[PDB]
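As structure tokens, the next two blocks hold two forms of the same chain, structure 1 and structure 2.
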Structure 1
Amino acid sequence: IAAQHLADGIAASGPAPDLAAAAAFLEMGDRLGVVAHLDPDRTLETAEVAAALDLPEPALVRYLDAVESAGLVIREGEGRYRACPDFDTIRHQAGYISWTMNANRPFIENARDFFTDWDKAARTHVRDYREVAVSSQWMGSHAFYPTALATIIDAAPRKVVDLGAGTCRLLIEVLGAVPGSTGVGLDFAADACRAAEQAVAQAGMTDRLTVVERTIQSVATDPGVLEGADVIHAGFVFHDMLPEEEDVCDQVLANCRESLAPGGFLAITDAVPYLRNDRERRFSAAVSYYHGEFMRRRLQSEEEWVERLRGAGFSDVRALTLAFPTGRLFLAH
């Protein structure tokens, strides 16, 4: 009678309460630096972490107790905590909410301004690239790193280069899997680079993996970074020079064709626009609208990407569907 109001409410809400909570807790925690210490297989030692993160130990404890109540962490002893068993899936899902609602917040809040004067708006309302890079890492863990990772592990490379590498997770994983390998991760944002270095350091690969703060446009006139490369990867960057710097794009591509050690290949994970299929359409639209309207970057269809890679020297070019909606992996030898 009001028990049916209960059942119908629960069904209408579905998984949104759980996800809303997880996303807020994890973004707050990641900004504090706490989340990097949360793993289902490792312990977080409050005495040490509080001191490393320069937080009052009592404050950290109240946070972790809140997250314990939430069911996201387990208290092992006093000042010892570990993530819940399914933590990595929960964090992955929170990646999508963080990306749309956090990284892209300036577009949500100031749409009026973008509509009436784009140029003034584009330079007034700027995204935090630390947030851009972290949220994409969380999405990538399960939805776009695995395919690219598995492709790269085969043909056991020696040298791997990643353009627009963000927090450098793919390289950390590649280098962890192939025993004797080197990596260089290139990214134009101080905030991302700083975060990448800390993550690389934490993974104890500081000497094998170089973080260089440069544009991808840089590589057009300065391919001194590529050569000797078995694999070159670029994840969601190539679009940041379209449709304006088209010539510079085709120049970076040509440079990649040359610098490649004779066996290897260019791997591009990127986003195609406005898909129609039921599974991808909704998040497709969000990625496409943010890119087209707010960032004025051109997303190319599957067809167009294949054409571009061909008429830039590469042959044997195929495209793969990724779990990430509108995400596609292009392999070009």
Structure 2
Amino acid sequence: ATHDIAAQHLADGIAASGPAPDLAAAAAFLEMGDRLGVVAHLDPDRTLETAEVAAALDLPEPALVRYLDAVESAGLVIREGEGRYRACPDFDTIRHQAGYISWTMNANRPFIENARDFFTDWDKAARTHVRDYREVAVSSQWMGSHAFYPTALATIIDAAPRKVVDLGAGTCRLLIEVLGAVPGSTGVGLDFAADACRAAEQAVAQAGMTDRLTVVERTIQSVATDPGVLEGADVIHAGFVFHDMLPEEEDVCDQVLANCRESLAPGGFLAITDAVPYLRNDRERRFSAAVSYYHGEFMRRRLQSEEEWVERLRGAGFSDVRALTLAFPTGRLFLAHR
């Protein structure tokens, strides 16, 4: 008998768990590896040399090997001879899916663990339980690799601009790839962070485009008063940067949008990626609500609907505004034409 009862429970249990064990394990292995610096050396097209990577990362090589042997058992890498490991063929998709888990469970963990304090004294909780910006940045890039970054890339590229401006450039990755794909164009990577700009500047020298790529280390709010760098841009790009100005700096935000419209060359457009609040459709609703609740309740940053965004961009002077659904749940791309 016992063989048969355990047989149905096994089948029923397999169905109930579904893909969650796999994703749970992938997310933990990949966050742990990324914190160690290992994940950046894993790629499906080349091998990681443990002897060299352990020295680059200042890890004891036996400890690094035990880690890679665990993720090899997990099936996320392939051992290609002693001391060499290569990521599994679909590694980048697995890493992308882990970005969602890392964002809600790791980047936003202070909100998960301390919700009571936020409900009691939001001001004290907001400056006591703060997010790790490196985890926010990495999980966002993982989520963006397949869910919003390619749409922006292909859109800017297709317009074939000659002057691109990226508000909140950070890594400057978007600029390097639009310059390397459209000939003769130039780019400007505005970003306030010192940390994001030294690492960006050297990668500008890496590609060898320092003549075409300016990096100014100012805030995006500085555009409201000093919109000089924008002059003549064919595409101005803004990825998930505007909602941090709302609702506290709405006037500055509306001024930056109006300066953006004024400063575009004819036929140019402003391409904004951002998150709309609490969608209802079955695909997007669950992650939408997580993005919306984290922002509304814990960060008190205003997410705007498509209607609000369209009205705000048309009040900034833009003739026509197109909204494009992104694969990233609750993410929208707004193309605001001059």
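Every residue number counts along structure 1's sequence, beginning with 1. Between two forms, the rigid core is defined as the largest C-alpha subset superposing within 1.5 Å.
Chemist: Relative to the superposed core, which single residue of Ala122, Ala177, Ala111, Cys84 shows a CA shift of 2 Å or more between the two structures?
Modeler: Only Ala177 moves by 2 Å or more at its C-alpha.
Chemist: Determine whether the C-alpha of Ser98 shifts by 2 Å or more between the two structures once the rigid core is superposed.
Modeler: Comparing the forms between the two structures, which are aligned on their rigid core, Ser98 does not shift its C-alpha by 2 Å or more.
Chemist: C-alpha of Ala203: shift of 2 angstroms or more between the two structures, rigid core aligned?
Modeler: Yes: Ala203 shifts by at least 2 Å between the two structures.
Chemist: Compare the position of the CA of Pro243 between the two structures after a rigid core fit and state whether the shift reaches 2 Å.
Modeler: Moves: no, less than 2 Å.
Chemist: Once the rigid core is superposed, tell me how far the Cα of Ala267 moves between the two structures, in Å to one decimal.
Modeler: That residue's C-alpha sits 1.1 Å away in the other form.
Chemist: Align on the rigid core first, then pass along the CA displacement of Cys256 between the two structures in angstrom.
Modeler: Looking at the C-alpha of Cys256 between the two structures, the offset is 2.3 Å.
Chemist: Using the rigid core as the frame, report the C-alpha movement of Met295 between the two structures, one decimal, in Å.
Modeler: After core superposition, the C-alpha of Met295 moves 0.2 Å between the two structures.
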